[PDB]
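Source file: query_18.cif (mmCIF, C-alpha atoms)
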```cif
data_my_file
loop_
_atom_site.label_atom_id
_atom_site.label_comp_id
_atom_site.auth_asym_id
_atom_site.auth_seq_id
_atom_site.Cartn_x
_atom_site.Cartn_y
_atom_site.Cartn_z
CA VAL A 1 11.04 11.73 -48.97
CA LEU A 2 8.17 9.42 -48.02
CA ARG A 3 8.94 5.86 -49.11
CA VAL A 4 5.91 4.30 -47.47
CA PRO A 5 3.15 3.29 -49.92
CA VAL A 6 0.03 5.39 -49.37
CA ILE A 7 -3.48 4.13 -50.11
CA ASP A 8 -5.90 7.01 -50.66
CA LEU A 9 -9.49 5.97 -49.96
CA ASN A 10 -10.85 8.94 -51.94
CA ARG A 11 -9.46 7.50 -55.18
CA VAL A 12 -9.74 3.74 -54.70
CA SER A 13 -12.49 2.74 -52.27
CA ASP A 14 -13.91 -0.61 -53.39
CA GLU A 15 -12.58 -4.10 -52.64
CA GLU A 16 -12.28 -5.21 -56.27
CA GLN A 17 -10.28 -2.03 -56.89
CA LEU A 18 -8.32 -2.29 -53.63
CA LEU A 19 -7.24 -5.94 -53.77
CA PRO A 20 -4.68 -5.56 -56.60
CA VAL A 21 -3.23 -2.41 -55.00
CA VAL A 22 -2.77 -4.17 -51.67
CA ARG A 23 -1.20 -7.23 -53.30
CA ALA A 24 1.23 -5.11 -55.30
CA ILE A 25 2.28 -3.39 -52.07
CA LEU A 26 2.60 -6.59 -49.99
CA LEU A 27 5.04 -8.06 -52.53
CA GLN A 28 7.58 -5.36 -51.68
CA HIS A 29 6.35 -3.87 -48.41
CA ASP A 30 4.98 -4.76 -44.98
CA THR A 31 4.04 -1.22 -44.03
CA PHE A 32 1.65 1.23 -45.67
CA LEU A 33 -0.35 4.39 -44.92
CA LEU A 34 -4.10 4.93 -45.22
CA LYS A 35 -5.10 8.40 -46.40
CA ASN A 36 -8.57 9.99 -46.19
CA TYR A 37 -10.22 7.42 -43.91
CA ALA A 38 -13.83 8.46 -43.29
CA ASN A 39 -13.69 8.52 -39.49
CA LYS A 40 -10.17 9.93 -39.09
CA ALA A 41 -11.48 13.05 -37.34
CA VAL A 42 -13.63 11.10 -34.87
CA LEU A 43 -10.56 8.95 -34.30
CA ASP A 44 -8.27 11.90 -33.55
CA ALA A 45 -10.84 13.41 -31.17
CA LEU A 46 -11.07 10.17 -29.19
CA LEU A 47 -7.28 10.02 -28.95
CA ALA A 48 -7.27 13.66 -27.83
CA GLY A 49 -9.90 12.92 -25.18
CA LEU A 50 -7.67 10.24 -23.66
CA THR A 51 -5.31 12.94 -22.37
CA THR A 52 -7.86 14.14 -19.79
CA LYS A 53 -10.65 11.57 -19.96
CA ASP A 54 -11.00 7.83 -19.29
CA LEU A 55 -7.65 7.20 -17.62
CA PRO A 56 -6.13 3.72 -17.28
CA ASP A 57 -7.75 1.79 -14.43
CA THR A 58 -4.71 1.35 -12.17
CA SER A 59 -6.60 -0.94 -9.77
CA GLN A 60 -7.49 -3.49 -12.42
CA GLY A 61 -4.41 -5.68 -12.22
CA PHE A 62 -2.47 -7.28 -15.07
CA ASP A 63 -3.03 -11.05 -15.47
CA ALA A 64 -1.38 -13.98 -17.30
CA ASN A 65 -3.36 -13.33 -20.49
CA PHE A 66 -1.30 -10.14 -20.63
CA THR A 67 -4.45 -8.06 -20.15
CA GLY A 68 -5.40 -5.24 -17.80
CA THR A 69 -3.31 -2.30 -16.63
CA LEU A 70 0.46 -2.45 -16.20
CA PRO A 71 2.65 0.28 -14.69
CA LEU A 72 5.92 0.66 -16.61
CA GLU A 73 9.07 2.72 -16.00
CA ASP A 74 9.19 6.52 -16.46
CA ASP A 75 5.53 7.09 -15.53
CA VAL A 76 4.16 5.18 -18.52
CA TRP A 77 1.10 2.94 -18.11
CA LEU A 78 0.17 0.04 -20.38
CA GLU A 79 -3.45 -0.98 -20.91
CA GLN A 80 -4.30 -4.09 -22.92
CA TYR A 81 -7.23 -6.29 -23.87
CA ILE A 82 -7.46 -9.52 -25.85
CA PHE A 83 -10.68 -10.83 -27.37
CA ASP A 84 -11.26 -14.20 -29.02
CA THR A 85 -14.27 -15.72 -30.80
CA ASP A 86 -13.60 -19.31 -29.73
CA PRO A 87 -15.98 -20.21 -26.85
CA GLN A 88 -13.39 -22.70 -25.58
CA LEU A 89 -11.08 -19.80 -24.72
CA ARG A 90 -11.32 -17.78 -21.51
CA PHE A 91 -10.32 -14.20 -22.20
CA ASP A 92 -13.01 -12.64 -20.03
CA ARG A 93 -11.49 -9.29 -19.12
CA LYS A 94 -14.05 -6.98 -20.68
CA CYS A 95 -12.95 -3.50 -21.79
CA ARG A 96 -14.82 -0.98 -19.64
CA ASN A 97 -13.00 2.06 -21.04
CA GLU A 98 -15.64 3.82 -23.14
CA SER A 99 -13.10 5.78 -25.23
CA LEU A 100 -11.08 2.63 -25.99
CA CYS A 101 -14.28 0.79 -26.91
CA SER A 102 -15.20 3.51 -29.39
CA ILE A 103 -11.68 3.51 -30.80
CA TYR A 104 -11.79 -0.29 -31.06
CA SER A 105 -15.02 -0.59 -33.07
CA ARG A 106 -13.72 1.80 -35.72
CA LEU A 107 -10.30 0.14 -35.92
CA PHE A 108 -12.00 -3.27 -35.94
CA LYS A 109 -14.17 -3.01 -39.05
CA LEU A 110 -11.22 -1.37 -40.77
CA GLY A 111 -8.61 -3.89 -39.64
CA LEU A 112 -10.79 -6.91 -40.38
CA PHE A 113 -11.52 -5.66 -43.91
CA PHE A 114 -7.85 -5.16 -44.76
CA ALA A 115 -6.91 -8.38 -42.95
CA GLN A 116 -9.14 -10.37 -45.28
CA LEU A 117 -7.58 -8.50 -48.20
CA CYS A 118 -4.04 -9.35 -47.07
CA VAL A 119 -4.86 -13.04 -46.72
CA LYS A 120 -6.55 -13.10 -50.13
CA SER A 121 -3.54 -11.16 -51.42
CA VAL A 122 -0.59 -13.37 -50.58
CA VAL A 123 -1.93 -16.64 -49.09
CA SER A 124 -2.79 -19.52 -51.45
CA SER A 125 -4.61 -22.11 -49.29
CA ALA A 126 -8.41 -21.96 -49.56
CA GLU A 127 -8.82 -23.21 -46.00
CA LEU A 128 -6.87 -20.16 -44.84
CA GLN A 129 -9.00 -17.87 -47.03
CA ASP A 130 -11.81 -17.85 -44.47
CA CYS A 131 -9.73 -18.20 -41.30
CA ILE A 132 -10.39 -14.54 -40.47
CA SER A 133 -14.03 -13.48 -40.64
CA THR A 134 -16.74 -11.73 -38.61
CA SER A 135 -17.21 -15.06 -36.81
CA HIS A 136 -13.56 -16.09 -36.42
CA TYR A 137 -10.92 -13.71 -35.03
CA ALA A 138 -8.65 -12.64 -32.19
CA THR A 139 -7.80 -9.03 -31.35
CA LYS A 140 -5.27 -7.22 -29.18
CA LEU A 141 -6.08 -3.63 -28.26
CA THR A 142 -3.01 -1.92 -26.78
CA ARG A 143 -2.87 1.55 -25.19
CA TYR A 144 0.14 3.35 -23.78
CA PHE A 145 -0.54 6.23 -21.37
CA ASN A 146 1.85 9.06 -20.52
CA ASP A 147 1.39 11.40 -17.57
CA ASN A 148 3.42 13.85 -19.73
CA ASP A 149 13.99 5.99 -26.36
CA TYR A 150 12.29 3.35 -28.49
CA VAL A 151 10.71 -0.06 -27.95
CA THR A 152 11.46 -2.62 -30.68
CA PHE A 153 8.94 -5.38 -31.32
CA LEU A 154 7.86 -7.80 -34.05
CA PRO A 155 4.06 -8.18 -34.34
CA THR A 156 2.90 -11.78 -34.80
CA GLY A 157 -0.59 -11.31 -36.19
CA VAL A 158 -1.92 -10.94 -39.71
CA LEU A 159 -2.29 -7.18 -39.51
CA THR A 160 -1.68 -4.54 -36.85
CA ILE A 161 -3.07 -1.02 -37.27
CA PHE A 162 -2.26 2.34 -35.65
CA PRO A 163 -4.90 5.11 -35.64
CA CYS A 164 -2.11 7.67 -35.83
CA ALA A 165 1.00 7.46 -38.01
CA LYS A 166 3.26 9.19 -35.50
CA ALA A 167 6.15 8.29 -33.15
CA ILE A 168 6.67 5.01 -34.99
CA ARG A 169 9.80 3.84 -36.79
CA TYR A 170 10.24 1.15 -39.42
CA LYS A 171 13.01 -0.33 -41.56
CA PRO A 172 12.54 0.31 -45.32
CA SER A 173 14.87 -2.49 -46.54
CA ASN A 174 19.59 -0.58 -42.59
CA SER A 175 18.66 2.21 -40.18
CA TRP A 176 15.30 3.11 -38.60
CA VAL A 177 13.09 5.71 -40.27
CA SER A 178 10.57 7.87 -38.41
CA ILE A 179 6.98 8.23 -39.63
CA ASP A 180 5.04 11.49 -39.24
CA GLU A 181 1.79 11.43 -41.21
CA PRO A 182 -0.84 12.98 -38.89
CA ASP A 183 -3.68 12.53 -41.39
CA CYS A 184 -2.91 8.84 -41.98
CA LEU A 185 -3.45 5.55 -40.18
CA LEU A 186 -0.48 3.20 -40.15
CA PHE A 187 -0.71 -0.46 -41.18
CA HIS A 188 1.88 -3.15 -40.52
CA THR A 189 1.86 -6.88 -41.25
CA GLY A 190 2.96 -9.48 -38.71
CA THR A 191 4.85 -12.77 -38.77
CA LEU A 192 1.71 -14.83 -39.39
CA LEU A 193 1.07 -13.33 -42.83
CA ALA A 194 4.70 -13.77 -43.88
CA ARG A 195 4.82 -17.43 -42.84
CA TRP A 196 1.52 -18.13 -44.61
CA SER A 197 2.74 -16.29 -47.72
CA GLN A 198 5.19 -19.12 -48.40
CA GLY A 199 7.82 -16.69 -49.67
CA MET A 200 5.76 -13.92 -51.28
CA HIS A 201 5.67 -11.62 -48.26
CA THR A 202 8.17 -10.73 -45.55
CA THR A 203 7.77 -8.46 -42.55
CA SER A 204 10.06 -6.58 -40.16
CA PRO A 205 10.00 -5.21 -36.61
CA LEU A 206 8.65 -1.79 -35.60
CA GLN A 207 9.83 0.76 -33.08
CA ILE A 208 7.36 2.77 -31.03
CA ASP A 209 7.72 5.60 -28.55
CA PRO A 210 6.06 4.40 -25.33
CA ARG A 211 5.76 7.98 -24.11
CA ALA A 212 3.68 9.06 -27.10
CA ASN A 213 0.32 7.58 -26.03
CA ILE A 214 0.26 5.10 -28.92
CA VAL A 215 -2.80 2.92 -29.49
CA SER A 216 -2.88 -0.18 -31.72
CA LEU A 217 -5.13 -3.02 -32.81
CA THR A 218 -3.78 -6.40 -33.91
CA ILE A 219 -5.88 -8.97 -35.79
CA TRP A 220 -5.51 -12.76 -35.74
CA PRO A 221 -7.50 -15.78 -36.79
CA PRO A 222 -8.71 -17.62 -33.65
CA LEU A 223 -5.74 -18.26 -31.34
CA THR A 224 -6.29 -22.03 -31.35
CA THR A 225 -5.60 -22.15 -35.09
CA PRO A 226 -2.72 -24.52 -35.98
CA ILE A 227 0.20 -23.42 -38.16
CA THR A 228 0.19 -22.65 -31.95
CA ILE A 229 -0.48 -19.00 -32.75
CA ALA A 230 -0.78 -18.61 -28.98
CA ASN A 231 2.81 -19.83 -28.64
CA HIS A 232 4.01 -16.97 -30.85
CA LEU A 233 1.85 -14.41 -29.05
CA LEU A 234 3.11 -15.60 -25.67
CA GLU A 235 6.74 -15.45 -26.77
CA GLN A 236 6.18 -11.95 -28.13
CA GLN A 237 4.42 -10.69 -24.98
CA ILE A 238 7.19 -12.24 -22.88
CA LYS A 239 9.85 -10.39 -24.89
CA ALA A 240 7.87 -7.16 -24.49
CA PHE A 241 7.19 -7.44 -20.76
CA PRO A 242 9.96 -9.50 -19.09
CA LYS A 243 8.92 -8.52 -15.56
CA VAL A 244 5.38 -9.80 -16.02
CA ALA A 245 6.87 -12.86 -17.68
CA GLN A 246 9.02 -13.51 -14.61
CA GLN A 247 5.79 -13.61 -12.60
CA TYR A 248 3.59 -15.79 -14.83
CA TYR A 249 5.93 -17.60 -17.22
CA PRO A 250 9.33 -17.89 -15.54
CA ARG A 251 10.23 -21.12 -17.36
CA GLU A 252 9.26 -19.87 -20.83
CA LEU A 253 11.26 -16.73 -20.08
CA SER A 254 14.34 -18.62 -18.88
CA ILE A 255 14.21 -20.93 -21.89
CA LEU A 256 14.19 -17.89 -24.18
CA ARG A 257 17.28 -16.53 -22.44
CA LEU A 258 18.97 -19.92 -22.80
CA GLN A 259 18.29 -19.92 -26.55
CA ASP A 260 20.26 -16.68 -26.84
CA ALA A 261 23.06 -18.36 -24.88
CA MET A 262 23.06 -21.29 -27.34
CA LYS A 263 23.20 -18.89 -30.31
CA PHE A 264 26.07 -17.19 -28.52
CA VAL A 265 28.28 -20.26 -27.99
CA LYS A 266 27.62 -21.65 -31.47
CA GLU A 267 28.65 -18.39 -33.13
CA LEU A 268 31.51 -18.19 -30.64
CA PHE A 269 32.73 -21.60 -31.76
CA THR A 270 32.88 -20.79 -35.48
CA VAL A 271 34.52 -17.43 -34.74
CA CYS A 272 37.08 -19.25 -32.57
CA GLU A 273 37.73 -21.66 -35.43
CA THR A 274 38.49 -18.82 -37.84
CA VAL A 275 40.71 -16.94 -35.39
CA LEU A 276 42.77 -19.99 -34.36
CA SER A 277 43.32 -21.11 -37.96
CA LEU A 278 44.62 -17.71 -39.10
CA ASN A 279 47.00 -17.54 -36.14
CA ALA A 280 48.25 -21.12 -36.54
CA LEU A 281 49.89 -20.16 -39.83
CA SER A 282 53.06 -19.08 -37.99
CA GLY A 283 55.47 -24.25 -32.08
CA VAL A 284 54.05 -22.62 -28.95
CA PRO A 285 50.25 -22.27 -28.60
CA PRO A 286 48.92 -18.67 -28.38
CA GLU A 287 47.75 -17.09 -25.12
CA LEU A 288 44.00 -16.54 -24.98
CA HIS A 289 43.87 -12.80 -24.13
CA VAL A 290 45.96 -12.18 -27.25
CA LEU A 291 43.19 -13.67 -29.41
CA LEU A 292 40.26 -12.14 -27.48
CA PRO A 293 40.22 -8.64 -29.08
CA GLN A 294 40.01 -10.21 -32.52
CA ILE A 295 37.37 -12.66 -31.27
CA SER A 296 35.40 -9.74 -29.80
CA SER A 297 35.55 -7.85 -33.10
CA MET A 298 34.07 -10.78 -35.03
CA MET A 299 31.52 -11.44 -32.27
CA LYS A 300 30.68 -7.70 -32.26
CA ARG A 301 30.64 -7.78 -28.46
CA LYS A 302 32.94 -8.07 -25.44
CA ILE A 303 34.37 -11.58 -25.11
CA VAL A 304 36.25 -12.63 -21.98
CA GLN A 305 38.27 -15.72 -21.03
CA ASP A 306 35.18 -17.09 -19.28
CA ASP A 307 33.23 -17.14 -22.56
CA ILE A 308 35.82 -19.34 -24.27
CA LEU A 309 35.58 -21.81 -21.39
CA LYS A 310 31.85 -22.13 -22.09
CA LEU A 311 32.77 -24.08 -25.23
CA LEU A 312 34.65 -26.71 -23.24
CA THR A 313 31.45 -27.40 -21.30
CA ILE A 314 29.57 -28.19 -24.50
CA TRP A 315 32.54 -30.20 -25.80
CA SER A 316 35.62 -30.86 -23.65
CA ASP A 317 37.78 -32.12 -26.52
CA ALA A 318 37.10 -29.15 -28.81
CA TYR A 319 40.32 -27.40 -27.79
CA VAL A 320 43.44 -28.04 -25.73
CA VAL A 321 43.34 -25.35 -23.04
CA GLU A 322 46.23 -25.33 -20.56
CA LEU A 323 48.27 -23.02 -18.34
CA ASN A 324 51.74 -22.19 -19.67
CA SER A 325 54.90 -21.53 -17.65
CA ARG A 326 53.81 -17.88 -17.42
CA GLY A 327 50.51 -18.83 -15.78
CA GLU A 328 48.47 -17.84 -18.83
CA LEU A 329 45.80 -19.88 -20.64
CA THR A 330 47.04 -21.27 -23.96
CA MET A 331 44.66 -22.65 -26.58
CA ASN A 332 45.21 -24.79 -29.68
CA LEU A 333 43.63 -27.47 -31.87
CA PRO A 334 44.06 -31.10 -30.75
CA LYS A 335 46.81 -33.09 -32.49
CA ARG A 336 45.65 -36.60 -31.61
CA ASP A 337 42.39 -38.38 -32.40
CA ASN A 338 39.67 -39.66 -30.09
CA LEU A 339 36.57 -41.75 -30.79
CA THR A 340 34.73 -38.60 -31.88
CA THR A 341 37.15 -37.41 -34.55
CA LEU A 342 37.65 -40.97 -35.81
CA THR A 343 33.95 -41.32 -36.64
CA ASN A 344 32.91 -37.73 -37.35
CA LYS A 345 35.11 -35.79 -39.73
CA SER A 346 33.33 -32.45 -39.13
CA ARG A 347 34.28 -30.45 -36.01
CA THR A 348 31.50 -27.94 -36.55
CA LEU A 349 28.82 -30.61 -36.88
CA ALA A 350 30.24 -32.39 -33.82
CA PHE A 351 29.93 -29.22 -31.75
CA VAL A 352 26.51 -28.01 -32.94
CA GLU A 353 25.03 -31.47 -32.52
CA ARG A 354 26.36 -31.74 -28.97
CA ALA A 355 25.21 -28.18 -28.27
CA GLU A 356 21.62 -28.94 -29.28
CA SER A 357 21.48 -32.05 -27.10
CA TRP A 358 22.93 -30.11 -24.15
CA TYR A 359 20.18 -27.53 -24.61
CA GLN A 360 17.57 -30.31 -24.89
CA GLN A 361 18.98 -31.93 -21.76
CA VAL A 362 18.56 -28.71 -19.77
CA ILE A 363 14.95 -27.99 -20.75
CA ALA A 364 13.91 -31.65 -20.34
CA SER A 365 15.33 -31.86 -16.84
CA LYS A 366 13.34 -31.53 -13.65
CA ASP A 367 15.67 -28.80 -12.43
CA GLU A 368 15.60 -25.00 -12.57
CA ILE A 369 16.52 -23.92 -16.08
CA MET A 370 19.88 -22.18 -16.12
CA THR A 371 20.00 -19.31 -18.61
CA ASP A 372 23.65 -19.62 -19.63
CA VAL A 373 26.35 -22.22 -20.29
CA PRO A 374 28.53 -22.68 -17.21
CA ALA A 375 32.24 -22.10 -17.73
CA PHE A 376 34.47 -25.17 -17.74
CA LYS A 377 36.97 -25.43 -14.87
CA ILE A 378 40.64 -25.84 -15.82
CA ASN A 379 42.92 -27.35 -13.16
CA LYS A 380 46.41 -26.13 -12.29
#
```
Kindly transcribe the structure held in the file into structure tokens.
Amino acid sequence: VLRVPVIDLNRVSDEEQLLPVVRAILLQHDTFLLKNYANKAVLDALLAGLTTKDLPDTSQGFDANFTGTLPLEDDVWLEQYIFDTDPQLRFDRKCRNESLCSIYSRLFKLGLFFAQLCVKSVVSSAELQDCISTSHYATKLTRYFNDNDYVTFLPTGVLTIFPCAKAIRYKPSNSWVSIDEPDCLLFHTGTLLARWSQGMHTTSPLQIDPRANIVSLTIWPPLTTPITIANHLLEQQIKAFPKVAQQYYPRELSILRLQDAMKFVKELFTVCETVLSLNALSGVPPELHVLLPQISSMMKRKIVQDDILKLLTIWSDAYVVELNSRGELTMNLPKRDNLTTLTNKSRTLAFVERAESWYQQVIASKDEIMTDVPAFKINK
């Protein structure tokens, strides 16, 4: 049972008629289908042609603007181009692929039209009403190529459009749902529209099959537009292509990995608080490997003795960790007070505050960014 809103261009075709329909959809959805588009056939022919014609230029290179041709695993090739209106920007890699150019111009007029509708639909500011126009925009044309498993990603633009509603999965709002509508184009909204909706609209990540020769066009206002759009694009491209990111943005990449490590230890701390309190209800402090399975269950991942010791790095007085007579690590809450607990009554706030400054210390430093919290060394 299709649960994706479908906009039929045969019925409603005009902007005054379309605008309320779009707005009604965007209040509950981030994804919708487009039925009976005029150039759907031309579009499907061009996509068909790509199987034998106009192959990805493998000698083109893939630069720091995340454009060009990029060989991926399992004989899949990525081709990508980014265009921006702003003369101050240097995205000069021109698309020489005649099929992709033809596909682009059809997806462009279409995408731009519905992009303006989306902004007028759920964004209040009048300054942002004209941000995207025929004279102000940024596009990302992406092509996957298969010689003959899913990639999750969260688009960051206003609107991203697929010329073929196939081999794509979405989350309806708990589990991914496949989309197979060969006569439809697929539309999905990005994080920019949601943020600018100030609550009205929310979006969600997509899954695509990289082996299914998927093409897509994403629309932005000019990348220099302040909400730092470029920062979100960069972070998204880095998440998508970590190997390229290692080459051109190794610091940005390492910082991103560190952020996950911070999220890890913070959640680990609160989970440790819960587990230790429940156990303390019964003299002798509990051994750590006894508590680990329960800790792992709440963390929904494998947690070893080394992970617990990461907390002591962030805050050495958080727990009393010692070796018992049986040479096992015992852990318990501190009995006595220090300067910290005499002036800050919250243990969680104490930790999270000291975790943020530790993180800030690492990224401020003039040293190679470590991507994890080192484990604290306990003496014997």
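Here the question is which of A:123, A:268, A:184, A:217 gets nearest to residue A:5 using only C-alpha atoms, and that residue is A:184.
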So for stretch 103-116 of chain A, what box centre and size do we get, axis-aligned, 8 Å extra on each of the six sides, every listed atom, Å to one decimal, as lines of an AutoDock Vina configuration file?
```
center_x = -11.0
center_y = -3.4
center_z = -38.0
size_x = 24.1
size_y = 29.9
size_z = 30.5
```
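As for atom CA of residue A:156 and atom CA of residue A:233, they are spaced 6.4 Å apart.
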Problem set entry | Output check: residues returned by the PyMOL selection byres ((chain A and resi 196) around 9), as a ChimeraX atom specification | /A:119,122-125,128,191-195,197-201,227
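Take the candidates A:231, A:139, A:213, A:259 and check each one against residue A:356 using only C-alpha atoms; the shortest distance goes to A:259.
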